[PDB]
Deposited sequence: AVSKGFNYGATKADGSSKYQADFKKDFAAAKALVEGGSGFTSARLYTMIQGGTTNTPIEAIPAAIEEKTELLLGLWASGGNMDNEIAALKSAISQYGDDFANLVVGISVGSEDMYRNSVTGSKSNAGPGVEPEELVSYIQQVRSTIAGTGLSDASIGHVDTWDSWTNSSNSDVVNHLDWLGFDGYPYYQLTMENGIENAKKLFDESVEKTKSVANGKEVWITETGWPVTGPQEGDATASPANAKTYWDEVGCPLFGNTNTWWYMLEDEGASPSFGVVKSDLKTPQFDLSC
């Protein structure tokens, strides 16, 4: 089966922690957009907001909503010990009802991009060197071996330019699949108006595939904002977000594993959410 879902943070746009009831309402609202629906959820961390290493409360919400989970461990900033502890506790506390929903586990999100020259200046925090990322991948594989998650596939999420950076080549060799992050909206060194969005997306995916050594490339993050500042030639608007949804999203949905960015984020700038904060009014026509 092909995964179709959304990316979800551990906090709300204002930075406050999300709890089980918040995740449950999101997962249910995503299902209620199309009656092959959005039934999957990608997370960036195993750790509940406001805690040191308590399992994120998205897990019990997903069990109740039967939501598929693409788990994430955050690998930058030296906190993998707590991520691994939370993963161990999640397996222990929630058992098979949890394991049965897990489609894969991503070790790190954009850690190689933050360890690049332009990524350093993004002020998104520190990154991780390829060798340490490989060691983290091996630690997670050891952690799930023998457990209910022993059949979950291990990947990593990063930008297409970090995948194509040949110094990062050994990371690919330790993964089961590659997670693609790419936004033509942010590619301001190119002619990145909405006019060129599909071309730029397709080109970046083909670049990632060229270094994937025949392993699957999942679309773990892309989207186009409805409001926000102009980036090069790219402008945020409901019309432009709609055009990107139609040109890039509709051909992916149900064909390539895809997690859109994102369901809802009112208050954030740029705002990438496709539904308003009532979790019912779409920002544009979502039919394909």
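Deposited residues absent from the coordinates (by C-alpha): Gaps in the modelled chain, taken against the deposited sequence, amount to a single one at 36 to 37.
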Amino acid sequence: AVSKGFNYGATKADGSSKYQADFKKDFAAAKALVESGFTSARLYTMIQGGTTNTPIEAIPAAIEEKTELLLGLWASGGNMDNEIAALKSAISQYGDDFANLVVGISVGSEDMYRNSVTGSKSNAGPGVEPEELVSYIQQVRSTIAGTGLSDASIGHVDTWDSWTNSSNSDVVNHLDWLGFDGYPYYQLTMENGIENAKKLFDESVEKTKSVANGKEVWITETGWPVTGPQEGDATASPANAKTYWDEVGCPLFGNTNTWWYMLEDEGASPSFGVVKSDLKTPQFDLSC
From here on, numbers count along this sequence of modelled residues.
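Do the C-alpha atoms of 141 to 149 or of 120 to 128 have the higher average B factor in the entry? Stretch with the greater average CA B-factor: 120 to 128.
Higher-scoring stretch by recorded Cα B factor average, 2 to 10 or 279 to 287: Per the deposited B-factors, the answer is 279 to 287.
Residue of maximum C-alpha B factor among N196, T189, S106, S89, per deposited coordinates: Each of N196, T189, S106, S89 was compared by C-alpha B-factor; the highest is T189.
In terms of recorded Cα temperature factor, pick the maximum from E221, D233, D246, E68. If I rank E221, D233, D246, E68 by C-alpha B-factor, first place goes to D233.
Determine, from the deposited record, the chain-internal third of the Cα B-factor for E216: lowest, middle or highest. It falls in the middle third of the chain.
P229 - Cα temperature factor, lowest/middle/highest third of chain: It belongs to the highest third of the chain when residues are ordered by C-alpha B-factor.
Place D22 in the lowest, middle or highest third of its chain's C-alpha B-factors, as listed in the PDB entry. Middle third - that is where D22 ends up once the chain's C-alpha B-factors are sorted.
Assigned third (lowest, middle, highest) for the C-alpha B factor of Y113: Ranked within chain, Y113 CA B lands in the highest tercile.
Within this chain, which third does the Cα B-factor at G15 fall in: lowest, middle or highest? Highest third - that is where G15 ends up once the chain's C-alpha B-factors are sorted.
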